[PDB]
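Below you'll find the structure, written out as structure tokens, and then a few comments.
Below, all heavy atoms of this structure are taken into account, side chains as well, without hydrogens, waters or symmetry copies. In the text below, chain A, chain B and the rest are named by the order of the sequence lines, each starting its count at 1.
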Amino acid sequence: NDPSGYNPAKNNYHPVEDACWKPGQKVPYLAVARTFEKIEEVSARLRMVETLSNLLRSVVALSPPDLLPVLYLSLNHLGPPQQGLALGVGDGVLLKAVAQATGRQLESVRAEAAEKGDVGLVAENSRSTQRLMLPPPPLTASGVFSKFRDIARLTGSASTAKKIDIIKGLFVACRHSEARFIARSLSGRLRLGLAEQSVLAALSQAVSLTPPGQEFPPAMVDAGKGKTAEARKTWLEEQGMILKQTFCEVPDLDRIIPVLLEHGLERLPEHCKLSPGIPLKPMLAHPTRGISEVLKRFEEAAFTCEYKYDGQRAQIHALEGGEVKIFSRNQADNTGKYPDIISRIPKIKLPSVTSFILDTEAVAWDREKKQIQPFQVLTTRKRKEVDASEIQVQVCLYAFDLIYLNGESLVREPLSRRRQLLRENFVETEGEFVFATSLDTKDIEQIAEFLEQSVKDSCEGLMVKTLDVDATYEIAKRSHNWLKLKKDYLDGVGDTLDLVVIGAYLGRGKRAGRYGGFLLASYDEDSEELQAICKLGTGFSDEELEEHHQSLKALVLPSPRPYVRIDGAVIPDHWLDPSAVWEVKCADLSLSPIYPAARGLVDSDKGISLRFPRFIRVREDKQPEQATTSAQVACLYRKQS
DNA sequence: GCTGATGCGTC
DNA sequence: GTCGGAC
DNA sequence: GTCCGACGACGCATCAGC
Ligand SMILES: *P(=O)(O)OC[C@H]1O[C@@H](n2cnc3c(N)ncnc32)[C@H](O)[C@@H]1O
């Protein structure tokens, strides 16, 4: 009755009798917040899915128009990714709004949020000074979702103040745990332990057990009750795969949910199908730590090795009639930023090609020296809408897959055929569009040599893909069907540095109550100063991270040492007496606009930082004076050539 | 009209 | 992007 | 193996402050 007592984790949950609102009423936001509470309290994904499914079943049975907003709230998304809605709110705006809503000084709010590792706990445990004696009406799920979208659409001068007004308005109306999850959503850290795959599982379960479109009151609130547990499990798995394969081809809830409510899940693939112009989920890669692990994973299946190019994924759609769209790995519209690519499409496809979807890597290309350029150069291209004459950094497309051709979806076709269609129907032009360099072999010596060659040829390593056995493009069956093999995955291979710990950052979320990250430095011999080089936040086990907290607590300083230079780096929450030296691995070294390490040795204005740094081990046997020097950092950077 | 801080989207 | 935790 | 969320560097786009 009262949503404060809503229990979507209840045994024998009844979508009508155990809901906390009446038929046709708007889903209360507190119903969603209580569902989030029950999800965050458990560690078993399957239990989270069951709890979310219970909420969704009540939404279907009682208030179907609120299904879409509740789903977006559970994902902390604003809409389909290709539409590009973004809150434009981060911790800065959010903390100011919290401080204003609660009438507290910003620095008190900021300090509390850092100590607690969560803005939600700060917003929830303080009253709002704007509340009247009688509170405003309870928040609804659709109302909150619409206010999030209101925030996202505010743009231009003075828009921040307007966003804050909306946020404060939400907090004034919050009850019980609502402010916790409003704040977490706005900060982008809902951190339920449940995300896209679990939401899809909950959704297919919900609409299977409680079909949409029933005359009220629904005659069928639990369509699994007549089945054995075994038969029910098989049925829910099959229905889950129908939703998942459709979603992977059309990852757009605005399209799927109306179809689901009107026609049901079994008819879904007849209404939502892969098509050029609608972005799809890309195939991802599993990191593989050696050629021996490749063979263990693929066993006897024939596979191909391809250079792993160091650029940005570009999913290129050519629609029947000639329109071209380009999407990112995360279904964002990138059409506007590749006018050069769009103008070259007639040049890459044979005239018999009427439509396609290509999987490519966009790589920065130096036309004067005719060679690949680093990722850093690629990222200096403009974004959003770009006219063709603005292009300064040229791009070469390295094509490696073909997902659709002349009206045929290739999702269920083996790579051997997809690749043959790619190779035969498209045209290579050096420095503009070329097929990924590849090798079909099972010889370990050739693969190892090919990996070495890929690095010499300006690539990150190898992608490995089966050709015929489990070699389709069905993301719903396995999203990480390809293997990525990089030299820095191998123990003893790659650049490891010994770096000095000079600061620590309080942890957030799963790291709340300990350190979440650390500031590291190299030793500049010429100035006898430690220079910040990067932050570090992955590579340690939970046990190692607790050990770090124990070993570093005695090194906390109230002020920095005068021989430690960090320039523009984020000031650590705790300064540390330089003493601990850690072994750190990276994929590459980058020219940094922030970090002072080795500034002046390779570039006059820019120091050097680490790409993909991770903790390996503590160097008990090293003092800071024996850490990697800034001169050694510069030498490492130069030999990347 | 310019700049620094911040958000967001790439890896 | 890398990584470790929970299942 | 899957799923998830801790955390990394970087640069364009945006907007408050000037
Ligand atoms: P991530 O580091 O997980 O690796 C996957 C991405 O690598 C890029 N890529 C470059 N070259 C290839 C080939 N030949 N095949 C597949 N993927 C490649 C893509 O942008 C992936 O997203």
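- Here the two rings, on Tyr515(A) and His548(A), have centers that are 6.0 Å apart or farther.
- Distance check, rounded to the nearest 0.5 Å: CZ of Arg297(A) to NE2 of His286(A) gives 5.0 Å.
- Proximity note for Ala86(A) (side chain, C-beta onward) versus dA6(C), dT2(C), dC8(B): the nearest is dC8(B).
- Under the 4.0 Å criterion applied to side-chain N and carboxylate O atoms, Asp488(A) and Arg289(A) are not assigned as salt-bridge partners.
- One can place NE2 of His286(A) at 11 Å from P of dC3(C), the figure rounded to the nearest angstrom.
- With salt bridges taken as basic N to acidic carboxylate O contacts below 4.0 Å, none links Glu583(A) and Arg619(A).
- Within 4.0 Å (heavy atoms only), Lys163(A) reaches no atom of the nucleic acid at all.
- Between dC3(C), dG5(C), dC7(C), one nucleotide has an atom nearer to the side chain of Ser541(A) than all others, and that is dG5(C).
- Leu520(A) places its CG atom 15 Å from the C1' atom of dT2(C), with the value rounded to the nearest Å.
- If you check every strand for non-hydrogen atoms under 4.0 Å, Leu192(A) touches sugar and phosphate atoms only.
- The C1'-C2'-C3'-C4' torsion of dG1(C) is positive, which assigns its sugar to the north, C3'-endo side.
- A positive value of the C1'-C2'-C3'-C4' dihedral assigns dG8(D) to the north, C3'-endo side.
- Nucleotides of DNA chain D with any atom under 4.0 Å from a heavy atom of chain A span, from 5' to 3', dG1(D) to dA16(D).
- We find that CD of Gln82(A) is positioned 13 Å from P of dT10(B), with the value rounded to whole Å.
- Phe615(A) comes within 4.0 angstrom of no nucleic acid atom, judged by non-hydrogen atoms across all strands.
- In this structure, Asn334(A) reaches the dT10(B) phosphate: one of its side-chain N or O atoms is under 4.0 Å from OP1 or OP2.
- Distance NZ (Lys96(A)) to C1' (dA5(B)): 13 Å, rounded to an integer number of Å.
- Among the nucleotides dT10(B), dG4(C), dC7(C), the one closest to the side chain of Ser43(A) is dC7(C).
- Straight-line distance from the CD atom of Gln315(A) to the P atom of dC11(B): 12 Å, rounded to whole Å.
- When heavy atoms are screened at a 4.0 angstrom cut-off, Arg45(A) is found touching base atoms of the nucleic acid.
- The CG atom of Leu378(A) sits 13 Å away from the P atom of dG1(C) (whole-angstrom rounding).
- Relative ring orientation between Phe303(A) and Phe298(A) is described as tilted, the plane-to-plane angle lying within the 30° to 60° band.
- Note on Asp340(A) versus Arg381(A): salt bridge recorded, some NZ/NE/NH1/NH2 to OD/OE distance being below 4.0 Å.
- Within 4.0 Å (heavy atoms only), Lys535(A) reaches sugar-phosphate atoms of the nucleic acid but no base atom.
- Among the atoms of the strands shown, none is found under 4.0 Å from any heavy atom of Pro287(A).
- The phosphate of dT2(C) (OP1 or OP2) has a side-chain N or O of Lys484(A) nearer than 4.0 angstrom.
- The furanose ring of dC7(D) falls on the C3'-endo (north) side of the pseudorotation cycle, as its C1'-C2'-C3'-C4' torsion is above zero.
- In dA13(D), the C1'-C2'-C3'-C4' torsion is negative, which places the sugar in the south family.
- We find that CG of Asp310(A) is positioned 11 Å from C1' of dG1(C), with the value rounded to whole Å.
- Contact annotation for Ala587(A): no contact, since no heavy-atom pair falls under 4.0 Å across all strands.
- In this structure, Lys585(A) atom NZ and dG1(C) atom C1' are separated by 15 Å, rounded to whole Å.
- Among the heavy atoms of the strands, none lies under 4.0 Å from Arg47(A).
- Taking the charged nitrogens against the carboxylate oxygens, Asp118(A) and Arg508(A) have no contact shorter than 4.0 Å, which rules out a salt bridge.
- Taking all atoms of both residues into account, the shortest heavy-atom contact from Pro279(A) to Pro251(A) is O-CD, 3.0 Å.
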